[PDB]
Structure formats: structure tokens, C-alpha cells
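Engineer: just coords:
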Ligand SMILES: [Zn+2]
Ligand SMILES: [Zn+2]
């Protein structure tokens, strides 16, 4: 029954994620009717909203817990399988764990060093002959006892489990980004019972919940590296203007209202810098809007050129750069999509001869892509080769399997299709 | 229907000016830029609404005492207490003021939450008045391209 | 303009070799012919 | 059998003649699995593979076209279960390879998640580029998709 329950939880991960999102939306919509006198809820001539928030919060916490269980039971095996495959290939080919011995850097390898000693090291890679292969290839160079020591194979209780492999798996799933995001979701949902306003932070799930919103938000993320540098450049420029203003025009920054008020000014550097960052980049017209004009002063022309240069170098150029980064992001994304479409429509993926050679036959290129060189056909062939005992392999199947084990990929056609090699008319 | 209703009230004939959208070919190319990316414009507006709501929640929880609209001292205290009033205030003022919400609220001159208010205003400005508008113009530019 | 210049440079470097510029289409008859030609036959480092 | 079965002794009477496994004059659960389930599934598949191999390897043969056209029913039934790939043979010549495609895998490849993963893989390959790394990336994607379909088979 537990296995069936876990399979049911895994099968409906996305549906219950959307359910959690809708529940959070409902909680926020109810949250919108607060009022202070302390923080009592006001209802539109009703009294049935008193437990609706509580039951919705309980439902949200339960659904979020089910979401994290389903994610741990469905998407985690992909991460484990990828990590095991990568470490197995590295150990078999490079042999870095016995030759290179990586340093304190590359923490991933150091953490993966804890899985070699485990008995069930290829738990998901379906290739349990990796230890035998590495022994057969390294025994005559690194001995036999050293490799054996390094590998180290020698409903009531169920205590016969490998705790080292479980610890390594728990370590490697904690560093995953999606699991960390789900843990943050758990923390926010749990904290929502202490304070009802903590459920507002769950609205950020719409950033990744909708595909059409990820394309919008990818424009900012595409050039997000340069946006912070632009902000830093703006901060440096504002600081330089602050230094000039403090050194020369310190007497203008006086905020006196209708005469008879105490003289409030900006004397020290920190106050002037906060004034320039808070006002002047915000006023829409630079710093000259909120300072008195130099009507009849010896520094009038200097103040005028200072204001004009500050405006033209902060409010115009920097903002133009900030919008330009987003515009270039949109253009780059569209150009990449167009290039991908053209590359897929102008040559086939496997050998890439080109459609011009296949246009001699009517609809030749479409037939070639759909029958001769098809990605689905290659994937099905690879799966059928994997899920087949070696005793039943034919000559071609054994040949392909041997090159797949050696990982040479000379059997993939490249620049030579069936029509090019075996012409219909003998020549 | 609009032409018939124009006899009951003479101002109902003003709605017939929208026929110029499809009456001229050279205007359809102009109006097709908005329609080309019209699917994403409403999503951008919704994202803006969500961001403004989050800022509203933060302001209500922390800086509720600053939203006081008192004129020349001797006036009754008009404030934004409940969530709905603060949300309407943020959607009506702050996305419209050209400089965020800090223009229409008193500055924290000598307060314990001064730096928090400053970073709140700066983040609201940089995340609503600049980035969202940049996206809105970017959609139209990409449509033209 | 900067992005277009970078894209053009990348395409020009990936579509023909620098020295003689015959083109990758002629070298595609041999499997991985163009990469071998650029890395062994016409290499800028070798000429330098 | 009144849709596509014609009233003839060789076909209509044949099923009734083969329905001698029960003395109670009624059908049973074992009839449709004893026959036409374990045989006539891989036996006919090999015949279809042989016929299509002969047709592909000997084009424009007058005698073979009649054979292909008379046996169109079996080949049409075996269209979804036929795989056609091209590999570089041991004799430096392109050789066609035929195999069997399982029905569950065919269903599992039409899910939107697998199509989205394939589209993302193509996008990443074209963006990053490369030729030697291209086949390694393709094989890695194939292995990941195979593991995902095997995991999703356990519903
Ligand atoms: Zn091809
Ligand atoms: Zn050359």
C-alpha cells in the first residue's frame, strides 16, 4: 500500500503543484480583506471567513508536503542516475580517483568519493560490471589489493541497508536547486501559520509555474550579469558628483521651509551621498529640481553646468543603457530561436548532408529525416540494445554494442547516407 | 447597434471612430505591433500587479505609520489602514508618480526605520518604474523587429 | 551592431578556414574532415 | 465478425472449427491467449522484416512488387513496430538495421514532457555547437530519456 501511495503521489506532481498555486492565490485573495483597529479580519457582511483562512492554510501545508514527497520520489532518481553515470564514466576512463586525486577544489568529486566504498554503487546506472572492468584494466598497473581495498566490496527490521550510500544520496540531493527551492517553500508555508502574511511570499512560484512567463523573465536574466555592473557604475558616478558637490556647492543643499525653520543641511559625506542616491536619480530631471536655483551667484554657471552634466549622464545615458540591455536580450533570444529553426530545417541532425542533395527526389529530405536518419529510431534502437541479453545479439548488434561499450561512435553515419553509398543505379 | 443607439444619445456616435483601425492598411501595421505581442503584455501587467501587491504587504506590515495625508497640520488624520486602501493607493500612486512611492510620502528624516524605508523606496523604483516599463517597451520593439 | 559583428565573426570562423578558405562543404566528405584540416593542415599556431 | 470478415469457409468457418476447446458451447478466457497471442506476433514480425529488407535492398524488381503488394496487411499492421536506422558497417559500408519497437515505449515518447526535453536538447546542442561533442551529447540525452521512460513505465 505504501508503494502504491508513493506512485500515486509521483504521478500527479504537476497537478498538485498547480493546486498549491491556486490555494495560495485564494489565501492571498482572502488576505486582501484585512483591517487594523489588532489585525482583525473584516468580512463583507459575513462571518464564515473565520475558519476559511485556517483550513486553507492547513490544506496548503498538506499539499506542499505532498509536493515535496512526490518530487523526492519522482525527479530525484534522475539526479542520482546522472551523478552515478558521470562518476562511473570518469572512474572507468580517466581513473582520476586512483591517479589524479583531486584537491580541496571540485567539492563534487570529493563528495562523490564516498560512494565508491558502497556495495550498491551502480544503483541506477544499470551497469554493475564497472568495477570488474576497471579491475581488469588497472590490475597490471596499480595492483589488485589496492583496487579491491578502494572499491571495498568485502518487513520487520530491514536493517541490512548501506548507510554510506544513503548518506551520500542525502548529501547530493540537498545541494540540488529544485529541492532547495521546495525546502524554502516548506519553510514559508510552515511560517505562514505563525504570521498570516508569510503566505504572500508563495506568489513567486508563478515565475517558474508558467512557461510563457519564463520567456518574459528570461530577458532580464539573460543580461543580468551586466545590469548589476551598470548599477555599480551609476553608484560610482553619483559618488563622484557627491564629492564635487560637497567640495564646491555645499551651501546650496539647505532645506529651509518658509523661512523660520531650523537650518537642515547635508554636511557630512554620508548624508550627501544618501541624498544624492535618494533624490536626484529619482526626481526625473536630476538634482536641480530639489535645490534652489543660483539666481545671482558667483557660482551660477558652474552650478548650471553641474546640473546639466548630472542630468545628461545619469537620467539619460544610464537609463538608456539599462533599457538597451533588455532590448538586446529580446533580440538575441529571437535570433537564437530563428537560427535553431533554420539549422533544423536546412540539414538533418545525424550526418548533415544538406537538403539540396535530397531535393532531387520529390520530398526527398522529409522522407530521409522521417525514415533514414530519425532521432526516435536511434533512441529506440539504443534502448532495445540495452534491454537485451548479450547471448541473443546478432553480428551487427554485437558490433554496435562493442563500440558503445568502448564509446567510439564510429557507427554513426557522417557525410555518407544509404543513397550516397548504395546508389539505386549501379556505377 | 451603436448607430441606432446614437439617436437616443448623440454622444454614442463617438464610438464609430474605432473603424479607422481596420479602415486603413497603413494603420493596421502600426496597430499590429501591439497585437503581435499582446499575449505577453497582459502577463507583464499581471506581474506588475503581483509585485505591487507584495510591496503593499511589506508597507502595511512595517511602514504603516508613514502613509498619513495631513495638510498644514490642523486636519483630520486621513490614513491608509486596511489592505484594500493601501493596495488602491499603491496602484493609483507610486506606479504613476514617476519616481516610485517615495514622492508622495514624507521622508524618514530622523527615524529608526530610515535606512529600511530608503532601501524600500529604491527597490520599488528600480523594480517597477524602470524594469517593468523597459519590458513593456521591449515587447513592442521586438514586435517591430 | 556589436552583437551582429560578433555573430558574423563566429560564423566566418566556423564556415571556412583562415588560410585558404576553401569552405567546410568540400571537407565534409571525410568524417570530421574540416576540424582535422583546421587543426593539422592549416593551423595558425603552426604557421607562427 | 461482421465488420471486415467475409463469409467464406476458409475464414468464417475456420474460427468456429478452431473453437473446439470447450464442451459447454461457450467461449473462455484462455481461447484468445492460447492462439494468436504468443505465436503470430514475433513469427510474423520476422517475416515482415525479411520482406521489407528484400524490398529495400532490391528496388525495381517485377516479381518482388507483387509479393510486397499481396502481403500489405501484415506490413501495415507492423508499421509502428518497425525500426530503420543506418550504421557504418565493419566493411566500411552503410548497412540498414531492423529491430522491434515496444508499444509502451511508443506511448511514452508522445508525452509532452519528453517532447519538451527533446526541444530543449536540440536548442542546447545548436547553441553550444560542436561536432565531436555533438554525438556524446546525443547519446547522453538518449540515455537520460531512456531512464525517464523506464521510470515512468512504473505507473
Ligand atoms: Zn542524414
Ligand atoms: Zn584551409
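Structural biologist: On my side now, so go ahead. Numbers count the residues shown, from 1 in each chain, chains lettered A, B, ... in the order given. Ligands and ions are numbered 1, 2, ... in the order given.
Engineer: make it CA atoms for all contacts and neighbour counts henceforth
Structural biologist: Noted.
Engineer: show me where the stretch 151-300 of chain A has its strands.
Structural biologist: Residue ranges of the strands in the stretch 151-300 of chain A, as given by DSSP state E, counting those that start in this stretch, are A:254-255, A:264-265.
Engineer: most distant residue from the middle of the chain?
Structural biologist: In the absence of a named chain, chain A is used. Residue farthest from the centre of chain A, counting by CA atoms, centre = their mean, is residue A:296 at 58.9 Å.
Engineer: that's the wrong chain, I meant chain D
Structural biologist: Centroid-distance maximum for chain D: residue D:24 at 38.1 Å, with CA atoms, centre = their mean.
Engineer: confirm it sits in a helix?
Structural biologist: No - using DSSP: H, G, I helix; E, B strand; the rest coil, the secondary structure at residue D:24 is coil, not a helix.
Engineer: a markdown table for the strands of the stretch 151-300 of chain A, including distance to residue A:240?
Structural biologist: Formatted as a markdown table, these follow (distance: least, CA to CA, whole Å):
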| stretch | distance to residue A:240 |
| --- | --- |
| strand A:254-255 | 20 |
| strand A:264-265 | 19 |
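Engineer: so which of those strands is the most surrounded?
Structural biologist: Sort those by mean neighbour count, taking mean count of other CA atoms under 10 Å in any protein chain shown, and strand A:254-255 sits at the top with a mean of 16.
Engineer: need the residues that contact the helix or strand in which residue A:86 is found.
Structural biologist: Element membership for residue A:86, per DSSP states H and E: helix A:76-93. Defining contact as CA atoms under 8 Å, 6 or more residues apart in numbering or on different chains, one finds that helix A:76-93 is touched by A:96-97, A:112, A:121-122, A:124-125, A:130, A:133-134, A:169, A:173, D:144, D:147-148.
Engineer: what about the nearest residue to residue D:65 once chain neighbours are set aside, how many residues nearby?
Structural biologist: Nearest in space to residue D:65, with sequence neighbours left out and distances taken as CA to CA, 6 or more residues apart in numbering or on different chains, is residue D:55 at 7.8 Å. Neighbouring residues of residue D:55 were enumerated by other CA atoms under 10 Å in any protein chain shown; the total is 16.
Engineer: which elements pack onto the helix or strand hosting residue D:55?
Structural biologist: Assessed by DSSP H and E, residue D:55 sits inside helix D:43-57. Secondary-structure packing of helix D:43-57 (3 or more CA pairs under 8 Å, 6 or more residues apart in numbering or on different chains; DSSP states H and E): helix D:62-70, helix D:72-77.
Engineer: scan chain A for its longest helix.
Structural biologist: Criterion DSSP state H: the longest helix present in chain A is helix A:317-346.
Engineer: and that one, does that touch chain B?
Structural biologist: Yes - judged by CA under 8 Å from any CA of the partner chain, helix A:317-346 comes into contact with chain B through A:323, A:326-327, A:330-331.
Engineer: who wins for most neighbours among those residues?
Structural biologist: For the residues of helix A:317-346 next to chain B, neighbours tallied by other CA under 10 Å; top is residue A:326, 25 neighbours.
Engineer: wait, it touches residue A:218, no?
Structural biologist: No - with contact defined as CA atoms under 8 Å, residue A:326 and residue A:218 do not form a contacting pair (9.6 Å).
Engineer: show me what contacts residue A:267?
Structural biologist: Neighbours of residue A:267 in contact, by CA under 8 Å, 6+ apart: A:246, A:250.
Engineer: do the same with residue A:199
Structural biologist: With contact taken as CA under 8 Å, 6+ apart, residue A:199 is in contact with A:24, A:27-28, A:188-189, A:192.
Engineer: I'd like to know how far it sits from chain D.
Structural biologist: 30 Å (CA to the nearest CA, to the nearest Å).
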